[PDB]
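*Asks:* Here you go, one structure.
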Amino acid sequence: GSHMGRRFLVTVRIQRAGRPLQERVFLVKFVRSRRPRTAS
């Protein structure tokens, strides 16, 4: 299908409000592998 394209954001938005401590863990994994992205 097409849709708007914001279904993935809805899931993450709910997690951000879930538990307080958690974003710190994501930063660790994100920082551990920091790399930009380019279109193809």
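If you read the sequence shown in the deposited numbering, its first letter stands for residue 1, the second for the next number, and so on.
C-beta: ideal position from N, C-alpha, C; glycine also.
In three-state DSSP terms, what is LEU27?
*Replies:* helix
*Asks:* If you draw a straight line from the alpha carbon of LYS29 to that of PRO36, how long is it in whole angstroms?
*Replies:* 15 Å
*Asks:* Can you tell me which of the three DSSP states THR38 falls into?
*Replies:* coil
*Asks:* DSSP three-state call for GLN15: helix, strand or coil?
*Replies:* Here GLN15 sits in helix by DSSP.
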